[PDB]
Amino acid sequence: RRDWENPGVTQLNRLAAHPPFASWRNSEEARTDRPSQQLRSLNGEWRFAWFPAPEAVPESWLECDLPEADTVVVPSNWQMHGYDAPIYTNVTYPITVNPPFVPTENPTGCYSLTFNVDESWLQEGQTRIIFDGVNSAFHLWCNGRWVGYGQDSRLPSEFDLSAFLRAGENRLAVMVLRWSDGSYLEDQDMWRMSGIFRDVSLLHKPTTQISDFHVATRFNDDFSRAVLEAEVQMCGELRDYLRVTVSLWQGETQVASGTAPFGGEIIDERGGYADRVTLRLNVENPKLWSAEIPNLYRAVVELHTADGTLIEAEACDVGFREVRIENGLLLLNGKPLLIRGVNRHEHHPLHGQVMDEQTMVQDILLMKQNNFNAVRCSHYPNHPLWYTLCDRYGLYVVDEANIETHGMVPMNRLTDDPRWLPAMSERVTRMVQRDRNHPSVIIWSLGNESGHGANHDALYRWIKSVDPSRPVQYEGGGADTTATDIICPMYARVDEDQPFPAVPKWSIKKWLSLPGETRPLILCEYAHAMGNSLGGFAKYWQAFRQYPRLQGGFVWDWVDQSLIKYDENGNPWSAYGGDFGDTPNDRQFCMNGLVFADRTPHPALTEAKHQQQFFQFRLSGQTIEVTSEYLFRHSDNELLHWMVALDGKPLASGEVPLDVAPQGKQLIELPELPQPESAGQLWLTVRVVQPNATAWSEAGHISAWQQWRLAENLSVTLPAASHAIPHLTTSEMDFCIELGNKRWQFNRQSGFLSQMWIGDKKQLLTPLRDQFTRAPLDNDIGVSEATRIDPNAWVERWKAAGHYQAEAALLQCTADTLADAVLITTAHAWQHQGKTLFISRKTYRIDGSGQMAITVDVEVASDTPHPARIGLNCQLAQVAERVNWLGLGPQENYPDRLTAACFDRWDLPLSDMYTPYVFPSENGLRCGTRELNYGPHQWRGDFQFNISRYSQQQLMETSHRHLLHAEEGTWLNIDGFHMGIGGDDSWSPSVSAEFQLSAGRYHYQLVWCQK
Amino acid sequence: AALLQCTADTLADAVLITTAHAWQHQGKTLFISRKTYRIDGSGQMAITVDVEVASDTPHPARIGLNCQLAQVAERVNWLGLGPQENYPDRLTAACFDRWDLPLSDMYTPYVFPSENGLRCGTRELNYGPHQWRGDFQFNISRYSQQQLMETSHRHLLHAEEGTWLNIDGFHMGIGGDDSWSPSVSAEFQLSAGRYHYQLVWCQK
Ligand SMILES: OC[C@H]1O[C@@H](O)[C@H](O)[C@@H](O)[C@H]1O
Ligand SMILES: OC[C@H]1O[C@@H](O)[C@H](O)[C@@H](O)[C@H]1O
Ligand SMILES: [Mg+2]
Ligand SMILES: [Mg+2]
Ligand SMILES: [Mg+2]
Ligand SMILES: [Mg+2]
Ligand SMILES: [Mg+2]
Ligand code: NA
Ligand code: NA
Ligand code: NA
Ligand code: NA
Ligand code: NA
C-alpha cells in the first residue's frame, strides 16, 4: 500500500479536527490561559535517519533505534540539517507531473523518540498525539505497532494512542515522505522542504469530553448589544446529569454566564443532537475587537456534572466583531475597512519553515510599526500561535487553505476533477474547523493559483453554509468568479488594463464598474517587492482612498526567502534558488520581501509605512487640517510635532496635541512663523508621534509624517568678483587649466575630464563620462535568462539596442579663454552598429573662484528604447567616511518611489549609501538633490545620485551581494534623470509611462567645486 | 525685469553675450531668467534660456520670449503641429508636418479676445527673412498680448505696426472641463520650478 500515491487516501485513523484544546481540569487556569498539565510538548531531541526511498527503511527501526541515526532537534526541516537539499522552484513542480504518482527516489525521514508517559494518563481517559505540521505525508507507529497516516503539510494530524502506550518509556517511529499525492496540492512558490516542522504534543482528554465548540457574536444595529452564542459538542458518556457552563470574562470580571444540559433543538424528523448544546449569552455594550483596538474577552467552556464536578474545561479569546459585505463594501463593525495588508510566508533563514514565537512577534511588531493592519497567510494555514498573536496584537487575517496546483496545465486540471474533491475538501474543512473561533480571522480563502474548478464552487458553498460570519475569497480563474465574495486580483494595475484572454487583469478602477459588478475589490497580492521595487506604490494608495469599493490589498510580500549558507572561512551569506545544487530552480524569485530574511528592512518598507499612514494632512496658509482614517479609535496617543527649516537649517518647531475622532478632522493653526529674507526654500514638516509606549511600539514612535514647501526666496545675489583668472595650456592631446592650487585636465582624444588635482593630489581614477545605463534591477530583468531571453524585458531591449556597449565618438572638443574663465566645449555621439543612440553636448566653465560649471544637453533617438538614466559617472580617488547632502532622504529613493523621503540636510556613513540587495543591482539612489558633499568635493545642481565602492559594471556582473568587493576609491553616479524602478509586477515591464525617459531632449547642470 | 548681469565675451569663432534678470513684485522675486546668446560666423544667433520660477508663486501662463518685429509678411511657414491652432492639452488632432498659411490664419478671431493662435511642437518657424529653430510653441499676429487683454470684442482690435511674435519654451494648458472654476489639469501646469529651452534665430 502506497497510500502516498493515492489522493483517495489522505489519512488513516486520524481524529476529527477541532479548535485548540488544552483539557484544563481547573477553570481558573483555563480562564487565565496558563499552561495545562494535560497538554505536554514532545518538542526537543529526537533520533533521525535519512533514507532515499521508503523501500530502504529497515524493519528493525519499528522496534529499535538505528545505531546510525543522529540526534536532532524537532521541530525542524531536514534540509536545514543538510541531509538533502532544499529546492527553490516557482511554478514548475519539483517532481514529474504524473498524478497521482511521485518519484520512486523519495527522500524519507525516519524520526523516533523515546519518551515518558505517566501511569496516571493511562489509568483513565484518552491520550492522543498531535503533529501540528509534517511535510508531506507520514506513517506513525507507537511501540512497534502501526497507528495511522496523514497528509496536508499545514494542519495538525492527531491520533489516539490510548491503546498503544504503556507506563514509563514508550517509543514513537514516524516515517515522513518528502513527496506524496498531497504534493500536487502544495505547489506554492517557496523552498520545497520536508520534515516534522511544527510542534508535536501529547494531550490527555477525559473519556466524556468537549469534542468541538464554536463561538459566534451577533449584534444589534448600532452594536450597543450583542449575543454570544456558543455551540458545544461532546463525545463519550452522555447522561442527563451532564451540563455545559459557558462564562465570559473581561479581565477578572465575569460579564455573563449560561448553563444548560445537553440536547440541542429539534432539527429534523429524527429529532436533534442529543450530544450538543447551544448557550446564548447576552452582552450589553460590548467592547468591540478591531486591528485598531484589539479588545478581547475570555470564554471558558466548562463540561461538568450538574451537581458541580468539573470534568474538563476548554477556552478561547473572543473578539466581538461583525464582518459583512453590504452594498458592495466590506464592513467591520459597520464601517468600511481599508486593508493595509501584506502576504507573509513562514520563513526563517536558519530554520527554514519552522516558526518560533520570537520571530512571529518580531514580525508583528514591525508590521504594525509600518502601518500594516492585515496579513494574508500565503498560501496555507499558519502555525497555531500566529492566530493567537494576531488576535492579541490586532491584525486582520485572511486564513487560506493549503491548496496550490499552479504547475498543472491548464491550472484547474485537478480542481475541476471530482476525484480530487475529497483531498481538497479536507484542506478547506479542517482549516475552518481549527480556526473558526479566532476573531483575527476575518476572511477565508480557498487556496491559491489553482485556476477555477467546480471543486472550488462546492467548497465556497460549504464554508458559506457552515460559517456565515466571514466572507470567502479566491483569486483563481480571473479573480471575480462565482467562488469569491471579493474581487481579489493579484498584480492588477491601477490605471492600466492587461487584457489577457480568459483571465484579464483589468485596471482596478475599471474592474469595479464592469457591467453587473458590485463586489468590493481588495488585491490578494500587489506591489511585488522584489529587489529594488515598490515603484508606483503611491498610485495604489491614492486610488484606494478615492474609490470606496477599492478597499486595499496585500503587498507581495513580507520577507525574502533567502537561506543562510557558509563560505570556506565559515562566514554566513544569503543564498537563493540553485544555491544548493537544486535544479531546475527559479533563482532570486524567492526574494520578494519588504524585509531581508533577518528582518532588516529594505528601503521600500518606509514607502509602504508612509503611504499606509492613518492620518492625512492638508495645508492652507499656516493652518494644517489633519483627517483621521481610523474607524474606531480617537487619536488618544498622539501628538503633532512640526518644524520649519530653511533648506535644512531649522528655524522653528513646536508640538500640539492631536485630538481627532475616527473619520474626523482637526484644524491646527500654526504660530506666526519664521519669515527669513535670506535665500532658500522654507519647508514645513509635520510628524505624528505616540508619546506612550504600546504593546507594539516604544514611546516616541513616529506613525506618520508629511512635508510641504512654504515660501521660497530665490537667490538674486551676485557672487563677489574673483581676484583671479584660470590659465589654459594646450597640447595636441590635452587642455590643462590651472587656477591656484587647482588643476583640470581634459583629454582631446576622448573629449572628457580625465584628471583633476587639489593641492597636488589627483582626484579621479576614472574620467568623468556620460552614463545612459544601469546595472539592471530585478524588475528590469523580469523572467529573462540567457538560455531563454525575454525580449520584452527592459534589460533585453537595452542590450539589443546596444546601450551597454555603445562607444562614445568625439564630435567636438574646444577650449576658449574668457574674461574670467576658461570654457571647454564638447560633443559626443554614442552609436551602435550604424545607429546614433544619444548625443551629449556640454560646456565646462572654470572660473576664477575655482568652480567648474558643467552644462549637459543630451539627445536620445526617439526609436531607441528609453534609457535607464541620463547622467555622468566617475571613480573618485578618495574614500571618505561620510556623505552629506541636501536633498531627499535619508533612505534610498527613486522617482516612482520617493514619497516617503523628505527634503532636508542628511549625513550618513558611506556604507549607508549602498543597499545590500541580495541580488545586486543599481541601488542607493537619492533624488531631488541640490547639494552633495564628499571629502573635499561639493556638487550643486538638481540631480539624483548614488555613491559607493561598487561600479555599475561590478553590480551587473555579480549574482550575490557577498561576492561584491570594494573597488579602489568611490564610484559616483550623478544623474540629471533616472528611470522609474517599477514593480507592479516583476515579470513584465511595469514602469509607468510618466517615469520613462522619453522626452527626446534633456538638460541638466551641475557645479563642482572644492572646500 | 531688474538686470543682474550682462557680459560679452569673444570666443574663437563667435561672440557670447550672457545675461541674467529677476522679475520682482513687492520685494519678492517671481522669476529669474538666465541666458546666453552665441553669435557665430554663420550669422546664426543661438539663444539658451534657463528660468527659475518661485515655488510659491502661482504657476505662470507661459515661459517664453516676445518681440514686435518690424516687418509684416504674407505667409507663415513652420515645421511643427498644425495646421490649426493647438495648445498643450488640446493638440491631439494636430499633425506634425510642414505647414504654410497666410498670416491672418495664425490669428483665431474669438469674439472675446484672448491668447490665441498658438501652434506647439514646432522645430522650425519661417517668417519674412527670419528663421527660428528649436522645440517651442509659438503665436504670431498683428495684435499684442496687451491689446488682446485690454480689448473686450474682436471688432475693436486694430493691427499694430509690424508683427508680434510670441515664442514659448513652455505654455500652460487652456483647460475647459468647465469655465467657472480652475480646470487646467496638474500635468499641464508649469510647476517644475526650473525650465530650459533653446532656439536659434537666423536669416533665410
Ligand atoms: O514571486 C511571484 C508571486 O506570484 C504570484 O502569482 C503568487 O501567488 C505568489 O505566491 C508568488 O509566486
Ligand atoms: O532649495 C531647494 C528647494 O528648491 C525649490 O525650488 C524646490 O522646489 C525644492 O524641491 C527644493 O529643491
Ligand atoms: Mg494519499
Ligand atoms: Mg463556577
Ligand atoms: Mg484512578
Ligand atoms: Mg504559484
Ligand atoms: Mg531556472
Ligand atoms: Na477605498
Ligand atoms: Na516569489
Ligand atoms: Na492625542
Ligand atoms: Na547583478
Ligand atoms: Na480680452
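In what follows, every chain begins at residue 1, and chains take the letters A, B, ... in the order their sequences are listed. Ligands are counted one by one from 1 in listed order, and the atoms in each one are counted from 1 as well. All heavy atoms count here, side chains included; hydrogens, waters and symmetry mates do not.
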A.B. asks: Enumerate, one pair per line, all nitrogen or oxygen atoms of ligand 1 lying under 3.5 Å from a protein nitrogen or oxygen, stating the separation to 0.1 Å; write 'none' if no such pair exists.
C.D. replies:
| from | atom 1 | to | atom 2 | distance (Å) |
| --- | --- | --- | --- | --- |
| ligand 1 | 1 (O) | A/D189 | OD2 | 3.3 |
| ligand 1 | 1 (O) | A/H528 | NE2 | 2.8 |
| ligand 1 | 1 (O) | A/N592 | OD1 | 2.9 |
| ligand 1 | 6 (O) | A/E449 | OE2 | 2.5 |
| ligand 1 | 8 (O) | A/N448 | ND2 | 3.0 |
| ligand 1 | 8 (O) | A/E449 | OE1 | 3.0 |
| ligand 1 | 8 (O) | A/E449 | OE2 | 3.3 |
| ligand 1 | 8 (O) | A/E525 | OE1 | 3.1 |
| ligand 1 | 8 (O) | A/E525 | OE2 | 2.7 |
| ligand 1 | 10 (O) | A/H379 | NE2 | 2.8 |
| ligand 1 | 12 (O) | A/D189 | OD2 | 2.4 |

A.B. asks: Going by distance alone, is a donor N or O of one side chain under 3.5 Å from an acceptor N or O of the other, for A/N382 and A/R154?
C.D. replies: no
A.B. asks: List ligand 2 atoms under 4.0 Å from A/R709, heavy atoms only on the residue side.
C.D. replies: 7 (C), 8 (O), 9 (C), 10 (O)
A.B. asks: Among A/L777, A/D778, A/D780, find the one that has a side chain to side chain contact (heavy atoms under 4.5 Å, CB included) with A/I981.
C.D. replies: A/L777
A.B. asks: For the residue pair A/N933 and A/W885, confirm or rule out a side-chain donor-acceptor distance under 3.5 Å.
C.D. replies: no
A.B. asks: Do side-chain atoms of A/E292 reach the backbone of A/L631 as a donor and acceptor pair under 3.5 angstrom?
C.D. replies: yes
A.B. asks: Taking atom types as modelled and ignoring hydrogens, do the side chains of A/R549 and A/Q551 form a donor-acceptor contact shorter than 3.5 angstrom?
C.D. replies: no
A.B. asks: For atom NZ of A/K335, is the number of surrounding heavy atoms from other residues, nucleotides or ligands below 6.0 Å larger than 12?
C.D. replies: no
A.B. asks: Between the side chains of A/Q681 and A/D647, is a donor N or O closer than 3.5 angstrom to an acceptor N or O?
C.D. replies: no
A.B. asks: Number the atoms of ligand 2 from 1 as they appear, then name those within less than 4.0 Å of a heavy atom of A/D647, with their elements.
C.D. replies: 1 (O), 2 (C)
A.B. asks: So is A/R930 polar-close to ligand 2, meaning N/O to N/O under 3.5 Å?
C.D. replies: yes
A.B. asks: Taking the Na ion (ligand 8) as the center, what protein N, O or S atoms are found at less than 3.0 Å?
C.D. replies: A/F544 O, A/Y547 O, A/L550 O
A.B. asks: Hey, is CZ on A/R940 packed in by over 12 heavy atoms from elsewhere, all under 6.0 Å?
C.D. replies: yes
A.B. asks: Can you list the ligand 2 atoms lying under 4.0 Å from a non-hydrogen atom of B/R194?
C.D. replies: 6 (O)
A.B. asks: Ignoring hydrogens and angles, state whether a donor on the side chain of B/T29 or B/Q24 is under 3.5 Å from an acceptor on the partner side chain.
C.D. replies: yes
A.B. asks: Out of the candidates A/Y491, A/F589, A/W556, only one should pair with A/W987 under the ring-ring contact (aromatic ring centres under 6.0 Å, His included) rule; please name it.
C.D. replies: A/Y491
A.B. asks: For A/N402 and A/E186, which I'm curious about, is there any donor-acceptor pair between the side chains at under 3.5 Å?
C.D. replies: yes
A.B. asks: Are A/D495 and A/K509 close enough for a salt bridge, meaning some N to O gap below 4.0 Å?
C.D. replies: yes
A.B. asks: Just jot down the ligand 2 atoms closer than 4.0 angstrom to any heavy atom of A/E712, in number order.
C.D. replies: 4 (O), 5 (C), 6 (O)
